[PDB]
Ligand SMILES: Nc1ncnc2c1ncn2[C@@H]1O[C@H](COP(=O)(O)OP(=O)(O)O)[C@@H](O)[C@H]1O
Ligand SMILES: [Mg+2]
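Given below as structure tokens:
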């Protein structure tokens, strides 16, 4: 079946049909400061919750290429949502990716960890790639995307990836596309690339 | 620090082709 992970925002969850889906890659596009990283942190916490609370009783994997992953931001999100932050941190597997070859390497290892965590009390249900953004370079990215698609499908996990935009967006094939932008008074606006959600970034992470 | 078995790693390589080792990942708490 297809599982869903709450984003912490009622408005955002409705635009997505209930939250980010498993066995699929969800792509977020936006300019700097649009909230892509904050949403990736929120999800890394939301996935850990029972399905009644909008999670999947799972764990999250976080591949960071922007050096923007913050364990203390995770603590704030967990503490504010009433969760044990030491436990929330234990359930997030984090790797910093220095180059494209390294990212690809980490994907093989992340896959190995998913295999092992299968059928346990807390399997890895989410994979975050922040951020996704020569003849070979284009080819490598395509290969990376194919691997991600195979992971989402074979391990029933939700794949969340971020793209930095410098309007006419070139999205990757077979993904769910969401476009984030800054609205009025700290509010953020979400809209599907293929009607609109409004949300905030708060001490609880993402919320209405 | 997080560990992974050589067997799961072997299974992973086979999957993308078309006891413990280094995983490259750690918990957000530093383990
Ligand atoms: N602890 C926090 N509480 C509320 N808002 C925050 C917090 N930390 C960062 N933000 C805000 O979240 C917004 C989104 O940042 P970020 O997710 O890094 O965007 P992007 O990844 O799209 O560049 C920023 O405007 C930032 O000021
Ligand atoms: Mg960012």
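Protein chains in written order, with the entry's author numbering: chain A, 109 to 241, 254 to 286, 302 to 329, 336 to 349; chain I, 1226 to 1243, 2052 to 2064. C-beta: ideal position from N, C-alpha, C; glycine also.
Could you confirm whether any beta carbon from chain A is found closer than 8 Å to the beta carbon of residue i?
| i | result |
| --- | --- |
| residue 2053(I) | no |
| residue 1236(I) | yes |
| residue 1242(I) | no |
The beta strand (DSSP E) with residue i in it runs from where to where?
| i | result |
| --- | --- |
| residue 234(A) | 232-238 |
| residue 348(A) | 346-348 |
| residue 317(A) | 311-317 |
| residue 284(A) | 278-284 |
| residue 167(A) | 167-172 |
| residue 134(A) | 132-138 |
| residue 2052(I) | Segment: none, residue 2052(I) is in no beta strand (DSSP E) and carries neither H nor E. |
| residue 324(A) | 323-327 |
| residue 2058(I) | Neither: residue 2058(I) is in no beta strand (DSSP E) and is coded neither H nor E. |
| residue 341(A) | 337-343 |
For residue i and residue j, which I take to be in contact (beta-carbon distance under 8 Å), what is that distance rounded to the nearest angstrom?
| i | j | result |
| --- | --- | --- |
| residue 154(A) | residue 232(A) | Actually they are not in contact, since the Cβ atoms of residue 154(A) and residue 232(A) sit about 14 Å apart, beyond 8 Å. |
| residue 349(A) | residue 122(A) | About 10 Å separates the two Cβ atoms, so there is no contact after all. |
| residue 205(A) | residue 214(A) | 6 Å |
| residue 202(A) | residue 1230(I) | With 8 Å as the limit, residue 202(A) and residue 1230(I) do not qualify as a contact, their Cβ atoms being about 20 Å apart. |
| residue 280(A) | residue 128(A) | 6 Å |
Would you check if the distance between the CB atom of residue i and the CB atom of residue j is smaller than 8 Å?
| i | j | result |
| --- | --- | --- |
| residue 240(A) | residue 283(A) | yes |
| residue 350(A) | residue 338(A) | Lying before the first or after the last residue shown, residue 350(A) is absent from chain A, which here runs from 109 to 349. |
| residue 277(A) | residue 211(A) | no |
| residue 113(A) | residue 151(A) | yes |
| residue 135(A) | residue 343(A) | no |
| residue 148(A) | residue 238(A) | yes |
| residue 306(A) | residue 328(A) | yes |
| residue 2056(I) | residue 1228(I) | yes |
| residue 186(A) | residue 193(A) | yes |
| residue 1233(I) | residue 223(A) | yes |
Please report whether the beta-carbon of residue i lies at a distance below 8 Å from any beta-carbon of chain I.
| i | result |
| --- | --- |
| residue 194(A) | yes |
| residue 274(A) | yes |
| residue 213(A) | yes |
| residue 219(A) | yes |
| residue 160(A) | no |
| residue 270(A) | yes |
| residue 231(A) | no |
| residue 154(A) | no |
| residue 202(A) | yes |
| residue 281(A) | no |
| residue 224(A) | yes |
| residue 240(A) | no |
| residue 172(A) | no |
| residue 235(A) | no |
| residue 182(A) | yes |
| residue 261(A) | no |
| residue 329(A) | no |
| residue 197(A) | yes |
| residue 314(A) | no |
Let's see if you can read the secondary structure: which residues bound the alpha helix (DSSP H) around residue i?
| i | result |
| --- | --- |
| residue 185(A) | 179-188 |
| residue 120(A) | 118-124 |
| residue 155(A) | No alpha helix (DSSP H) contains residue 155(A), which DSSP labels as neither H nor E. |
| residue 258(A) | 255-274 |
| residue 1232(I) | 1231-1241 |
Using 7 Å as the cut-off, classify the Cβ of residue i as near or not near the heavy atoms of ligand 3, replying yes or no.
| i | result |
| --- | --- |
| residue 141(A) | As presented, the structure is devoid of ligand 3, carrying ligand 1 and ligand 2 as its sole ligands. |
message: For a minimum of 3 consecutive residues, which ranges assigned as the beta strand (DSSP E) are wholly contained in the stretch 188-221 of chain A?
response: Counting only runs of 3 or more, we get 200-204.
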